[PDB]
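Visitor: File protein_32.txt follows (compact mmCIF, C-alpha atoms and all ligand atoms):
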# COMPACT_ATOMS: atom_id res chain seq x y z
CA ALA A 7 88.84 117.47 68.46
CA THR A 8 92.14 118.24 70.19
CA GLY A 9 94.85 120.74 69.37
CA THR A 10 98.28 121.49 70.67
CA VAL A 11 99.97 124.86 71.50
CA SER A 12 103.75 124.57 71.54
CA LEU A 13 105.19 126.71 74.42
CA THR A 14 108.23 129.01 74.27
CA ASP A 15 109.96 129.41 77.66
CA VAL A 16 110.99 133.08 78.06
CA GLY A 17 113.36 134.49 80.74
CA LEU A 18 114.53 131.13 82.31
CA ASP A 19 110.97 129.98 83.26
CA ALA A 20 109.67 133.57 83.70
CA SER A 21 106.80 133.12 81.18
CA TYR A 22 105.42 130.45 78.84
CA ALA A 23 104.01 131.74 75.54
CA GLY A 24 102.11 130.31 72.58
CA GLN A 25 101.12 131.43 69.10
CA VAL A 26 97.76 133.17 68.56
CA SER A 27 96.58 134.23 65.05
CA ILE A 28 94.31 137.29 64.75
CA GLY A 29 92.46 138.75 61.78
CA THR A 30 92.12 138.24 58.03
CA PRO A 31 94.63 137.47 56.76
CA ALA A 32 96.20 135.99 60.00
CA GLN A 33 98.63 138.17 62.00
CA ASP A 34 100.61 135.87 64.38
CA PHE A 35 101.79 136.76 67.89
CA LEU A 36 103.57 135.04 70.79
CA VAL A 37 101.36 135.61 73.84
CA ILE A 38 101.76 134.62 77.50
CA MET A 39 99.53 131.59 78.23
CA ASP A 40 98.08 132.71 81.57
CA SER A 41 95.82 130.50 83.74
CA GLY A 42 95.64 133.52 86.21
CA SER A 43 93.58 135.85 83.93
CA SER A 44 90.76 135.67 81.38
CA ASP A 45 91.39 138.40 78.68
CA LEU A 46 93.16 138.15 75.31
CA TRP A 47 95.10 141.26 74.30
CA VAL A 48 97.85 142.20 71.83
CA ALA A 49 99.86 145.41 71.39
CA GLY A 50 98.30 147.53 68.60
CA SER A 51 100.44 148.81 65.67
CA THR A 52 99.57 152.44 66.69
CA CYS A 53 101.15 151.91 70.18
CA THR A 54 104.06 154.37 70.66
CA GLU A 55 105.59 152.62 73.76
CA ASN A 56 109.25 151.58 73.26
CA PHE A 57 108.42 147.88 73.75
CA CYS A 58 105.81 148.11 70.90
CA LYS A 59 108.56 149.46 68.54
CA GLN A 60 110.69 146.33 69.29
CA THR A 61 108.04 143.53 68.98
CA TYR A 62 105.25 142.37 66.62
CA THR A 63 102.06 144.46 66.83
CA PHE A 64 98.49 143.97 65.53
CA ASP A 65 97.63 146.31 62.62
CA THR A 66 93.84 146.73 62.95
CA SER A 67 93.76 148.44 59.46
CA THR A 68 95.01 145.37 57.52
CA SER A 69 92.43 142.92 59.04
CA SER A 70 89.35 142.87 56.79
CA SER A 71 87.34 141.13 59.62
CA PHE A 72 88.34 143.54 62.45
CA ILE A 73 85.33 145.25 64.18
CA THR A 74 86.44 148.35 66.08
CA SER A 75 84.82 149.76 69.17
CA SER A 76 85.37 152.94 71.17
CA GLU A 77 85.06 150.73 74.32
CA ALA A 78 88.01 151.23 76.76
CA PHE A 79 90.13 148.17 77.68
CA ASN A 80 91.87 148.55 81.06
CA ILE A 81 93.36 145.53 82.91
CA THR A 82 95.44 145.39 86.11
CA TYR A 83 97.77 142.50 86.83
CA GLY A 84 100.15 141.81 89.69
CA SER A 85 103.04 142.96 87.47
CA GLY A 86 101.31 146.23 86.27
CA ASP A 87 98.65 147.25 83.78
CA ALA A 88 97.66 147.40 80.09
CA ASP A 89 95.20 149.83 78.43
CA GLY A 90 93.62 150.46 75.04
CA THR A 91 90.30 149.58 73.38
CA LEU A 92 88.28 146.43 72.73
CA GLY A 93 87.95 144.94 69.28
CA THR A 94 86.40 141.87 67.77
CA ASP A 95 88.04 139.67 65.11
CA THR A 96 88.58 136.04 64.08
CA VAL A 97 91.16 134.37 66.38
CA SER A 98 92.85 130.96 65.89
CA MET A 99 94.99 128.92 68.29
CA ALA A 100 95.87 125.17 68.35
CA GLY A 101 93.89 124.66 65.08
CA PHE A 102 90.60 126.05 66.50
CA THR A 103 88.89 129.35 65.59
CA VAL A 104 86.50 131.76 67.37
CA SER A 105 85.20 133.99 64.53
CA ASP A 106 83.89 136.82 66.84
CA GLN A 107 86.47 136.90 69.66
CA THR A 108 86.48 140.12 71.68
CA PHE A 109 89.99 141.11 72.85
CA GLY A 110 92.04 144.15 73.91
CA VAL A 111 94.07 146.20 71.41
CA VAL A 112 96.72 147.62 73.80
CA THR A 113 98.44 150.98 73.23
CA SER A 114 100.01 151.61 76.69
CA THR A 115 101.35 149.50 79.55
CA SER A 116 103.20 150.06 82.82
CA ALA A 117 107.01 149.83 82.45
CA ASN A 118 108.42 146.44 81.39
CA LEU A 119 105.04 144.58 81.42
CA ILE A 120 106.09 142.52 78.37
CA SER A 121 108.79 142.70 75.68
CA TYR A 122 110.07 140.87 72.58
CA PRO A 123 109.39 138.10 71.73
CA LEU A 124 105.97 138.60 73.39
CA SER A 125 103.15 140.75 71.96
CA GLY A 126 100.41 140.18 74.57
CA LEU A 127 98.64 137.66 76.76
CA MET A 128 95.95 134.94 76.46
CA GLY A 129 93.90 134.41 79.61
CA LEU A 130 93.05 130.77 80.26
CA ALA A 131 90.80 131.30 83.35
CA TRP A 132 87.05 131.86 83.65
CA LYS A 133 84.82 134.55 82.08
CA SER A 134 83.85 135.99 85.51
CA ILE A 135 87.31 137.71 85.90
CA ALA A 136 87.58 138.89 82.24
CA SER A 137 88.08 142.72 82.39
CA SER A 138 86.51 142.89 78.85
CA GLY A 139 83.42 140.90 80.00
CA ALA A 140 84.08 138.72 76.89
CA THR A 141 83.96 134.89 77.03
CA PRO A 142 87.56 133.59 76.91
CA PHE A 143 88.66 131.82 73.70
CA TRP A 144 89.27 128.48 75.56
CA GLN A 145 85.90 128.68 77.39
CA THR A 146 83.97 129.16 74.11
CA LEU A 147 85.67 125.97 72.74
CA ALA A 148 84.97 123.93 75.91
CA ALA A 149 81.30 125.19 76.05
CA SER A 150 80.65 124.48 72.33
CA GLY A 151 81.52 120.72 72.60
CA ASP A 152 84.51 121.19 70.19
CA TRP A 153 86.81 119.19 72.56
CA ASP A 154 87.13 115.38 72.79
CA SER A 155 87.44 115.91 76.58
CA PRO A 156 86.46 119.18 78.38
CA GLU A 157 90.00 119.91 79.73
CA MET A 158 93.39 121.48 78.90
CA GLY A 159 96.62 119.59 79.71
CA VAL A 160 99.70 121.64 80.63
CA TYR A 161 103.40 120.74 80.59
CA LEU A 162 105.89 123.57 81.37
CA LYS A 163 109.51 122.63 80.63
CA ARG A 164 112.27 123.70 83.09
CA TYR A 165 115.40 125.69 82.14
CA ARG A 166 116.12 127.17 85.62
CA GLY A 167 119.35 125.49 86.81
CA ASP A 168 120.51 124.91 83.19
CA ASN A 169 123.74 127.00 83.13
CA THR A 170 123.69 126.99 79.20
CA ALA A 171 119.95 127.98 78.82
CA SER A 172 118.84 130.88 76.54
CA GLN A 173 116.38 133.73 77.39
CA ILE A 174 114.19 132.29 74.56
CA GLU A 175 113.72 128.50 74.55
CA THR A 176 111.29 127.47 71.75
CA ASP A 177 111.23 123.92 73.31
CA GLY A 178 109.28 125.25 76.35
CA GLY A 179 106.42 122.75 76.83
CA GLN A 180 102.94 122.14 75.51
CA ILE A 181 99.25 122.88 76.18
CA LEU A 182 96.83 120.27 74.87
CA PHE A 183 93.33 121.72 74.23
CA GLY A 184 90.64 119.02 74.66
CA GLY A 185 92.61 116.30 76.41
CA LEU A 186 95.67 115.25 78.33
CA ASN A 187 98.96 114.11 76.72
CA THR A 188 99.55 110.54 78.10
CA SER A 189 103.20 110.64 76.76
CA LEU A 190 103.98 113.53 79.23
CA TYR A 191 102.53 112.05 82.48
CA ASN A 192 102.74 108.73 84.41
CA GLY A 193 100.05 107.11 86.65
CA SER A 194 96.63 108.58 87.49
CA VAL A 195 95.46 112.23 87.49
CA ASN A 196 94.52 113.42 91.00
CA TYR A 197 91.54 115.80 90.41
CA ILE A 198 90.69 118.46 93.07
CA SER A 199 87.03 119.44 92.52
CA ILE A 200 86.11 123.13 92.03
CA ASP A 201 82.52 124.03 92.99
CA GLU A 202 80.31 126.38 90.95
CA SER A 203 81.17 129.35 93.26
CA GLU A 204 84.94 129.06 92.55
CA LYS A 205 84.92 129.49 88.73
CA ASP A 206 86.90 132.75 88.47
CA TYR A 207 90.62 132.16 88.75
CA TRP A 208 91.70 128.53 88.40
CA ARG A 209 92.01 127.90 92.14
CA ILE A 210 92.02 125.10 94.72
CA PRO A 211 92.64 124.86 98.46
CA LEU A 212 96.05 124.22 99.89
CA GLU A 213 95.83 121.39 102.47
CA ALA A 214 99.39 121.54 103.93
CA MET A 215 102.98 122.47 103.12
CA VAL A 216 106.14 120.73 104.38
CA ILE A 217 109.55 122.46 104.24
CA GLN A 218 112.75 120.85 105.67
CA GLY A 219 110.45 118.19 107.23
CA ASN A 220 108.24 120.74 109.11
CA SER A 221 104.50 121.18 108.38
CA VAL A 222 104.00 125.01 108.13
CA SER A 223 100.96 126.78 109.58
CA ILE A 224 99.16 127.94 106.35
CA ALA A 225 96.40 129.72 108.37
CA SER A 226 96.18 133.47 107.42
CA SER A 227 93.86 136.38 108.57
CA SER A 228 92.89 136.80 104.82
CA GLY A 229 92.29 133.08 103.98
CA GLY A 230 91.37 131.58 107.39
CA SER A 231 92.11 127.88 108.06
CA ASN A 232 93.21 127.13 104.41
CA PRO A 233 94.19 129.48 101.56
CA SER A 234 92.61 129.33 98.10
CA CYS A 235 95.52 129.11 95.61
CA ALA A 236 95.51 130.44 92.03
CA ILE A 237 97.25 127.75 89.89
CA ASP A 238 98.73 130.36 87.64
CA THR A 239 100.93 129.57 84.58
CA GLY A 240 101.40 133.37 84.16
CA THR A 241 103.24 133.88 87.47
CA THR A 242 106.96 133.02 87.76
CA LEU A 243 107.24 132.27 91.52
CA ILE A 244 104.90 131.43 94.44
CA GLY A 245 103.25 134.39 96.23
CA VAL A 246 101.98 133.85 99.83
CA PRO A 247 100.81 136.14 102.66
CA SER A 248 103.67 137.90 104.62
CA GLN A 249 102.97 135.94 107.88
CA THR A 250 103.10 132.64 105.83
CA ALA A 251 106.38 133.62 104.07
CA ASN A 252 107.94 134.39 107.50
CA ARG A 253 106.83 130.93 108.74
CA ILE A 254 108.15 129.15 105.61
CA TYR A 255 111.61 130.75 105.76
CA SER A 256 111.78 130.18 109.61
CA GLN A 257 112.14 126.43 108.70
CA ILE A 258 115.38 126.99 106.65
CA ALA A 259 118.45 127.53 108.91
CA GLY A 260 120.10 130.89 108.05
CA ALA A 261 117.09 132.21 106.03
CA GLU A 262 116.35 135.98 106.21
CA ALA A 263 114.05 138.60 104.59
CA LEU A 264 115.85 140.73 102.03
CA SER A 265 115.78 144.35 103.36
CA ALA A 266 113.77 147.16 101.79
CA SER A 267 117.15 148.92 101.01
CA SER A 268 118.30 145.87 98.86
CA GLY A 269 115.43 146.69 96.42
CA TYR A 270 114.05 143.13 97.06
CA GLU A 271 111.46 143.57 99.87
CA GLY A 272 109.06 140.58 99.78
CA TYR A 273 111.94 138.20 98.87
CA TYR A 274 113.89 135.95 101.25
CA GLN A 275 117.36 134.39 100.96
CA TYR A 276 118.99 131.42 102.61
CA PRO A 277 122.30 129.51 102.40
CA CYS A 278 123.05 128.56 98.75
CA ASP A 279 124.45 125.12 99.74
CA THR A 280 121.16 124.23 101.55
CA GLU A 281 119.07 122.03 99.18
CA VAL A 282 115.50 122.68 100.33
CA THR A 283 113.10 119.73 100.44
CA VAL A 284 109.56 121.26 100.09
CA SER A 285 106.12 120.02 99.03
CA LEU A 286 102.55 121.34 98.74
CA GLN A 287 99.62 118.98 99.56
CA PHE A 288 96.67 119.21 97.15
CA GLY A 289 93.78 116.68 97.09
CA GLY A 290 95.44 114.36 99.65
CA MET A 291 98.83 114.07 97.86
CA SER A 292 102.21 115.75 98.41
CA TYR A 293 103.72 117.43 95.30
CA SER A 294 107.47 118.16 95.60
CA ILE A 295 109.17 121.34 94.29
CA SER A 296 112.66 120.59 92.90
CA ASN A 297 115.67 122.50 94.26
CA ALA A 298 116.27 123.85 90.67
CA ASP A 299 112.83 125.62 90.94
CA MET A 300 113.24 126.75 94.60
CA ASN A 301 116.77 128.28 94.34
CA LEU A 302 116.77 131.47 92.18
CA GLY A 303 120.44 132.23 92.90
CA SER A 304 122.15 135.19 94.54
CA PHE A 305 120.32 138.59 94.27
CA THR A 306 123.07 140.44 96.23
CA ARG A 307 126.94 140.51 96.25
CA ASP A 308 126.68 137.98 99.17
CA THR A 309 127.17 134.89 96.91
CA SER A 310 126.73 132.54 99.96
CA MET A 311 122.96 133.42 100.02
CA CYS A 312 120.29 132.54 97.36
CA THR A 313 116.68 133.78 96.93
CA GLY A 314 113.80 131.31 97.37
CA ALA A 315 110.81 130.87 95.02
CA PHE A 316 108.24 131.71 97.81
CA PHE A 317 107.77 135.55 98.08
CA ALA A 318 105.60 137.67 100.45
CA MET A 319 102.66 139.54 99.04
CA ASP A 320 99.61 140.55 101.07
CA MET A 321 96.49 140.37 98.87
CA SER A 322 93.51 142.79 98.85
CA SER A 323 90.74 141.37 101.13
CA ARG A 324 88.68 141.71 97.86
CA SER A 325 90.77 138.79 96.42
CA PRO A 326 89.33 135.23 96.55
CA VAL A 327 92.94 133.93 96.46
CA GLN A 328 95.57 134.15 99.21
CA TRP A 329 98.29 132.19 97.32
CA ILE A 330 99.53 132.53 93.71
CA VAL A 331 101.11 129.18 92.78
CA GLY A 332 103.10 129.88 89.62
CA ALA A 333 105.50 128.07 87.31
CA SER A 334 108.02 127.38 90.18
CA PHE A 335 105.39 124.82 91.36
CA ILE A 336 103.68 123.90 88.03
CA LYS A 337 107.01 122.77 86.35
CA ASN A 338 107.01 119.78 88.84
CA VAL A 339 103.58 118.36 87.73
CA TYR A 340 101.49 117.69 84.63
CA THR A 341 98.37 119.83 85.14
CA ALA A 342 94.81 119.26 83.95
CA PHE A 343 92.46 122.28 83.95
CA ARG A 344 89.04 120.64 83.68
CA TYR A 345 85.95 122.62 82.54
CA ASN A 346 83.33 120.01 83.53
CA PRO A 347 83.19 118.67 86.13
CA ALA A 348 85.24 121.74 87.11
CA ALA A 349 88.57 120.64 88.65
CA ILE A 350 92.35 120.96 88.65
CA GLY A 351 94.24 117.69 88.32
CA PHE A 352 97.92 116.85 88.92
CA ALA A 353 99.91 113.89 87.60
CA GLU A 354 103.58 112.89 87.98
CA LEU A 355 105.58 113.93 84.87
CA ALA A 356 106.74 111.05 82.54
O1 LIG A 401 97.59 139.52 87.82
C1 LIG A 401 97.13 138.42 87.44
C2 LIG A 401 97.90 137.21 87.43
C3 LIG A 401 98.43 136.89 86.02
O2 LIG A 401 98.93 135.54 86.02
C4 LIG A 401 99.54 137.84 85.57
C5 LIG A 401 99.81 137.63 84.06
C6 LIG A 401 100.82 138.58 83.45
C7 LIG A 401 102.17 138.21 83.47
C8 LIG A 401 103.15 139.01 82.90
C9 LIG A 401 102.78 140.18 82.30
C10 LIG A 401 101.43 140.56 82.26
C11 LIG A 401 100.44 139.78 82.84
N1 LIG A 401 100.78 137.65 86.26
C12 LIG A 401 101.56 138.58 86.80
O3 LIG A 401 101.19 139.75 86.81
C13 LIG A 401 102.94 138.17 87.30
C14 LIG A 401 103.21 138.67 88.70
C15 LIG A 401 102.12 138.26 89.60
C16 LIG A 401 102.38 138.63 91.05
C17 LIG A 401 101.43 137.79 91.87
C18 LIG A 401 99.94 138.11 91.62
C19 LIG A 401 99.37 139.23 92.43
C20 LIG A 401 98.13 139.77 91.68
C21 LIG A 401 97.10 140.46 92.56
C22 LIG A 401 96.83 141.97 92.27
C23 LIG A 401 96.42 142.33 90.84
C24 LIG A 401 94.96 142.78 90.55
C25 LIG A 401 94.00 141.71 90.04
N2 LIG A 401 94.49 141.11 88.85
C26 LIG A 401 94.62 139.79 88.60
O4 LIG A 401 94.50 138.98 89.47
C27 LIG A 401 94.86 139.37 87.14
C28 LIG A 401 93.55 138.97 86.47
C29 LIG A 401 92.41 139.93 86.74
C30 LIG A 401 91.45 139.59 87.69
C31 LIG A 401 90.38 140.51 87.98
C32 LIG A 401 90.28 141.69 87.27
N3 LIG A 401 91.24 141.98 86.32
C33 LIG A 401 92.33 141.12 86.01
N4 LIG A 401 95.82 138.29 87.06
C1 LIG A 402 102.17 114.69 73.24
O1 LIG A 402 103.53 114.87 73.61
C2 LIG A 402 104.47 114.26 72.71
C3 LIG A 402 105.88 114.37 73.33
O2 LIG A 402 106.24 115.77 73.43
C4 LIG A 402 104.37 114.87 71.32
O3 LIG A 402 105.29 114.15 70.45
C5 LIG A 402 105.90 114.93 69.38
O4 LIG A 402 105.03 115.04 68.24
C6 LIG A 402 105.59 115.42 66.96
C7 LIG A 402 104.53 115.38 65.85
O5 LIG A 402 103.22 115.20 66.41
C8 LIG A 402 106.78 114.52 66.60
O6 LIG A 402 107.37 114.86 65.32
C9 LIG A 402 107.81 114.62 67.71
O7 LIG A 402 108.92 113.76 67.42
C10 LIG A 402 107.19 114.19 69.04
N1 LIG A 402 108.17 114.40 70.08
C11 LIG A 402 108.50 113.48 71.00
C12 LIG A 402 109.58 113.85 71.98
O8 LIG A 402 107.95 112.40 71.04
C13 LIG A 402 102.92 114.70 70.83
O9 LIG A 402 102.76 115.31 69.54
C14 LIG A 402 101.89 115.25 71.84
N2 LIG A 402 100.54 114.90 71.44
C15 LIG A 402 99.56 115.79 71.33
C16 LIG A 402 98.25 115.31 70.83
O10 LIG A 402 99.75 116.98 71.60
CL CL A 403 108.39 117.35 101.55
NA NA A 404 89.95 129.92 103.35
Show me this structure written as C-alpha cells.
Ligand SMILES: O=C1C[C@H](O)[C@H](Cc2ccccc2)NC(=O)CCCCCCCCCCCCCNC(=O)[C@H](Cc2cccnc2)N1
Ligand SMILES: *[C@@H]1O[C@H](CO)[C@@H](O[C@@H]2O[C@H](CO)[C@@H](O)[C@H](O)[C@H]2NC(C)=O)[C@H](O)[C@H]1NC(C)=O
Ligand SMILES: [Cl-]
Ligand code: NA
Guide:
Amino acid sequence: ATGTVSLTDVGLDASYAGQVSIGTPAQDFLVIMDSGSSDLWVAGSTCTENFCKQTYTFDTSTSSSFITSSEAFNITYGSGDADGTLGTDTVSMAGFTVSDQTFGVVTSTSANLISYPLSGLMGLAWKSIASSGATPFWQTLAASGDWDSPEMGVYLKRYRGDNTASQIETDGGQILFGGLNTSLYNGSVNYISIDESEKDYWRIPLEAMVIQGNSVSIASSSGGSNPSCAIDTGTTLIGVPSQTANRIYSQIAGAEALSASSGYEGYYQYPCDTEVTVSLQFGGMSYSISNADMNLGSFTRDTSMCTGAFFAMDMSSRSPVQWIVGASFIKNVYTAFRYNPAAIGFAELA
C-alpha cells in the first residue's frame, strides 16, 4: 500500500506538519514531520504550559486503548527540549495504523518549542536515535512489508518570498509513504547510498559546495575531509560549523557575521540586492538553492543587508553530523528517504 500525508507549511517555511490520530476514539493533532529525529510526542491535556492552553492536547483519560507508564520521556532538540512520560496507544497516519505505538505525552517544554497549530512532533528517522527507545511509526510500516516500495517521498512547498503568504498554509506539500509521487518530480532519482553504520539520522556526505562560483573548503576539525549532513525536514535553515560559515560568507562581497550584541550571533548578512547563486553537490550532482530560500530578509534596521540561510553552529564531537541541511535546501528538490537499500535520493521538482 501507499498513503499520503498532506503538509501544512507553518511560519513561512519554518516547519512542515501533518495529521496524526492517536487513541480510541481518534484524537487528531498537527505534528511537525521531522526527518531529524525518531520520537512521536504530543502535548498532554494535563500540561499547564501556556502553549498547551492555546493548542490541541491529547487527553489520555478519554482513550480506551491508552496504556500508561511511569516511564520518563525527556528529549533534547537543537531548538530546546520536551519532557513528560511514555505511553502506548493506537496511532494512525496516511491511512496506516500501528496499534501499540509508544510515544511521549509531553507536559513541559523549553520556551517557544512549538505553538498553535502544532501539538507535537513525528520523528521520521531511525530507531537508534529514538529517546524513547521505541521503533518509529514509519519504520514499523517499512519493516512490516506494508509499503509498495520501501521509501517515503517528500515535497515541501515554498512560501518564503511570497509577500502575501500566511503563517499557516494548509497547501504546504506532501509526504508519500511507500513510494514516490511521479507527478511532483521530473527525470531520474539520484540515490546516495547509506551504509548499515549510518542508520541514525537520515544523513549523507556533502561532496562540495559552490557559492558565487567558488568551491568552498568543506573540511572541518569535527567532520574531517567531508561532513556528514542530516537531511532534516524539521530544521528551517542550514547549520554548518563556524569555520565553514566564515568560508561560505567570505565568497559574498559585503557579507558579515551579525554581532553578539544584535541578538543574532551565528547568523550572517550580506547585501540585499546580491542574488546568491549557491549549490550543494550530493552523489555527483549539483543541487541549486533558490534566492527565495537563501535570502531571509533584513534582521536589523539596516535594510540594505539581508540574513542568509546558512548559519554557524559548532556540533558536539559526540554528533555523527557536522551539517544540518533543512527546508531551505529541501524545498529545491523532491526527496526520497529509502529504507532498503538504505539511501537518500534527490530528483528535480516537476
Ligand atoms: O534536534 C534535532 C533536529 C530536529 O529536526 C529538530 C525538530 C524540532 C523542531 C522544532 C521544534 C521541536 C523539534 N529541529 C530543531 O530543533 C530546529 C533547530 C535545529 C538547529 C540545528 C540542529 C542542532 C541540533 C544538535 C543538538 C541537539 C541534541 C541532539 N538532538 C537531536 O539531534 C534531535 C534528535 C535526537 C537525537 C539523539 C537523541 N535525542 C534526540 N534532533
Ligand atoms: C501526487 O501528487 C499529486 C499532485 O499534488 C496529487 O494530486 C491531487 O490529488 C487529489 C485527489 O487524489 C486531487 O483531487 C487533486 O486535484 C490533485 N491535485 C493536483 C494538483 O493534481 C496526488 O494525489 C498525489 N498522489 C499520491 C499517491 O499521493
Ligand atoms: Cl552553483
Ligand atoms: Na567526515
Visitor: Interatomic distance between atom CA of residue 319 of chain A and atom CA of residue 252 of chain A?
Guide: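 Separating atom CA of residue 319 of chain A from atom CA of residue 252 of chain A is a distance of 11.2 Å.
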Visitor: Near residue 201 of chain A, within 12 Å and counting only C-alpha atoms, which residues show up once chain neighbours fewer than 2 positions away are dropped, as a PyMOL selection string?
Guide: chain A and resi 198-199+203-206+208-211+344-350
Visitor: Near residue 231 of chain A, counting all atoms listed in the file, which residues have an atom at most 12 Å away, once you skip same-chain residues fewer than 3 positions from it, shown as a count of residues only?
Guide: 12
Visitor: Identify, counting all atoms listed in the file, the protein, DNA and RNA residues located within 6 Å of ligand LIG 402 (chain A), and give them as a list in words.
Guide: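 Those residues are residues 10, 182, 187, 189 and 190 of chain A.
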Visitor: Select, from A:233, A:260, A:303, A:351, the residue with the minimum atom-to-atom distance to residue 197 of chain A, counting all atoms listed in the file.
Guide: A:351
Visitor: Give as number ranges by chain the residues surrounding ligand CL 403 (chain A) up to a distance of 6 Å, considering all atoms listed in the file.
Guide: A: 216-217, 283-285
Visitor: Keeping C-alpha atoms, export the residues of the selection given above as a PDB file, keeping the file's coordinate frame.
Guide:
ATOM      1  CA  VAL A 216     106.140 120.730 104.380  1.00  0.00           C
ATOM      2  CA  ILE A 217     109.550 122.460 104.240  1.00  0.00           C
ATOM      3  CA  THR A 283     113.100 119.730 100.440  1.00  0.00           C
ATOM      4  CA  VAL A 284     109.560 121.260 100.090  1.00  0.00           C
ATOM      5  CA  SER A 285     106.120 120.020  99.030  1.00  0.00           C
TER       6      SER A 285
END
Visitor: Dump as JSON lines the rows for residues of chain A within 6 Å of ligand LIG 401 (chain A): closest atom pair and distance in Å with one decimal, all atoms listed in the file counted, ordered by chain and rising residue number.
Guide:
{"residue": "A:40", "atom": "CA", "partner": "A:LIG401", "partner_atom": "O2", "distance": 5.3}
{"residue": "A:42", "atom": "CA", "partner": "A:LIG401", "partner_atom": "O2", "distance": 3.9}
{"residue": "A:43", "atom": "CA", "partner": "A:LIG401", "partner_atom": "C28", "distance": 4.0}
{"residue": "A:81", "atom": "CA", "partner": "A:LIG401", "partner_atom": "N3", "distance": 5.4}
{"residue": "A:82", "atom": "CA", "partner": "A:LIG401", "partner_atom": "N2", "distance": 5.2}
{"residue": "A:83", "atom": "CA", "partner": "A:LIG401", "partner_atom": "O1", "distance": 3.1}
{"residue": "A:84", "atom": "CA", "partner": "A:LIG401", "partner_atom": "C20", "distance": 3.5}
{"residue": "A:85", "atom": "CA", "partner": "A:LIG401", "partner_atom": "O3", "distance": 3.8}
{"residue": "A:119", "atom": "CA", "partner": "A:LIG401", "partner_atom": "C9", "distance": 5.0}
{"residue": "A:120", "atom": "CA", "partner": "A:LIG401", "partner_atom": "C9", "distance": 5.6}
{"residue": "A:135", "atom": "CA", "partner": "A:LIG401", "partner_atom": "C31", "distance": 4.6}
{"residue": "A:137", "atom": "CA", "partner": "A:LIG401", "partner_atom": "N3", "distance": 5.1}
{"residue": "A:238", "atom": "CA", "partner": "A:LIG401", "partner_atom": "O2", "distance": 5.4}
{"residue": "A:240", "atom": "CA", "partner": "A:LIG401", "partner_atom": "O2", "distance": 3.8}
{"residue": "A:241", "atom": "CA", "partner": "A:LIG401", "partner_atom": "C13", "distance": 4.3}
{"residue": "A:245", "atom": "CA", "partner": "A:LIG401", "partner_atom": "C17", "distance": 5.8}
{"residue": "A:330", "atom": "CA", "partner": "A:LIG401", "partner_atom": "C17", "distance": 5.9}
Visitor: Near residue 58 of chain A, within 10 Å and counting all atoms listed in the file, which residues show up once chain neighbours fewer than 4 positions away are dropped, as an mmCIF file with C-alpha atoms, in the coordinates of the input?
Guide:
data_model
loop_
_atom_site.group_PDB
_atom_site.id
_atom_site.type_symbol
_atom_site.label_atom_id
_atom_site.label_comp_id
_atom_site.auth_asym_id
_atom_site.auth_seq_id
_atom_site.Cartn_x
_atom_site.Cartn_y
_atom_site.Cartn_z
ATOM 1 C CA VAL A 48 97.850 142.200 71.830
ATOM 2 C CA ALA A 49 99.860 145.410 71.390
ATOM 3 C CA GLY A 50 98.300 147.530 68.600
ATOM 4 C CA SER A 51 100.440 148.810 65.670
ATOM 5 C CA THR A 52 99.570 152.440 66.690
ATOM 6 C CA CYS A 53 101.150 151.910 70.180
ATOM 7 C CA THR A 54 104.060 154.370 70.660
ATOM 8 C CA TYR A 62 105.250 142.370 66.620
ATOM 9 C CA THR A 63 102.060 144.460 66.830
ATOM 10 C CA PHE A 64 98.490 143.970 65.530
ATOM 11 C CA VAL A 112 96.720 147.620 73.800
ATOM 12 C CA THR A 113 98.440 150.980 73.230
ATOM 13 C CA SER A 114 100.010 151.610 76.690
ATOM 14 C CA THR A 115 101.350 149.500 79.550
ATOM 15 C CA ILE A 120 106.090 142.520 78.370
ATOM 16 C CA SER A 121 108.790 142.700 75.680
ATOM 17 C CA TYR A 122 110.070 140.870 72.580
ATOM 18 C CA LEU A 124 105.970 138.600 73.390
ATOM 19 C CA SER A 125 103.150 140.750 71.960
#
Visitor: Find the residue from A:25, A:118, A:221, A:66 that sits nearest to residue 87 of chain A; use only C-alpha atoms when measuring.
Guide: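 Closest candidate: A:118.
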Visitor: Would you mind telling me which residue in A:243, A:13, A:261, A:23 lies nearest to residue 178 of chain A when using all atoms listed in the file?
Guide: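 The answer is A:13, which sits nearest to residue 178 of chain A.
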Visitor: Can you work out which one of A:246, A:39, A:92, A:236 has the shortest atom-to-atom distance to residue 180 of chain A, counting only C-alpha atoms?
Guide: A:39
Visitor: Suppose you want the space between atom CA of residue 264 of chain A and atom CA of residue 172 of chain A; what is it in Å?
Guide: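 Atom-to-atom, atom CA of residue 264 of chain A and atom CA of residue 172 of chain A are spaced 27.5 Å apart.
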Visitor: Neighbours of segment 267-269 of chain A within 10 Å (only C-alpha atoms; same-chain residues fewer than 3 positions away dropped), as an MDAnalysis selection string?
Guide: chainID A and resid 264 272:273 305:306
Visitor: Could you state the separation of atom CA of residue 291 of chain A and atom CA of residue 215 of chain A in Å, given to one decimal place?
Guide: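 A separation of 10.7 Å between them.
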Visitor: Taking into account all atoms listed in the file, which residue in the set A:266, A:200, A:327, A:7 is nearest to ligand NA 404 (chain A)?
Guide: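 Nearest candidate to ligand NA 404 (chain A) out of A:266, A:200, A:327, A:7: A:327.
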Visitor: Might you pull out every residue within 6 Å of residue 27 of chain A, with all atoms listed in the file counted and same-chain residues fewer than 2 positions away left off, and present them as number ranges by chain?
Guide: A: 32-34, 97-98
Visitor: Nearest to residue 103 of chain A: which of A:146, A:309, A:304, A:257 is it, counting only C-alpha atoms?
Guide: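 When distances to residue 103 of chain A are compared using only C-alpha atoms, the smallest one comes from A:146.
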Visitor: Would you compute an axis-aligned box for segment 161-164 of chain A, covering every atom listed for it in the file with 4 Å of margin on each side, and report centre and edge lengths in Å to one decimal as JSON?
Guide:
{"center_x": 107.8, "center_y": 122.2, "center_z": 81.8, "size_x": 16.9, "size_y": 11.0, "size_z": 10.5}
Visitor: Give me the segment 271-342 of chain A side of the contact with segment 156-162 of chain A, cut-off 6 Å, one line per residue showing its nearest atom pair and distance in Å at one decimal, counting only C-alpha atoms, sorted by chain and residue number, as CSV.
Guide:
residue,atom,partner,partner_atom,distance
A:337,CA,A:162,CA,5.2
A:340,CA,A:161,CA,5.4
A:341,CA,A:160,CA,5.0
A:342,CA,A:159,CA,4.6
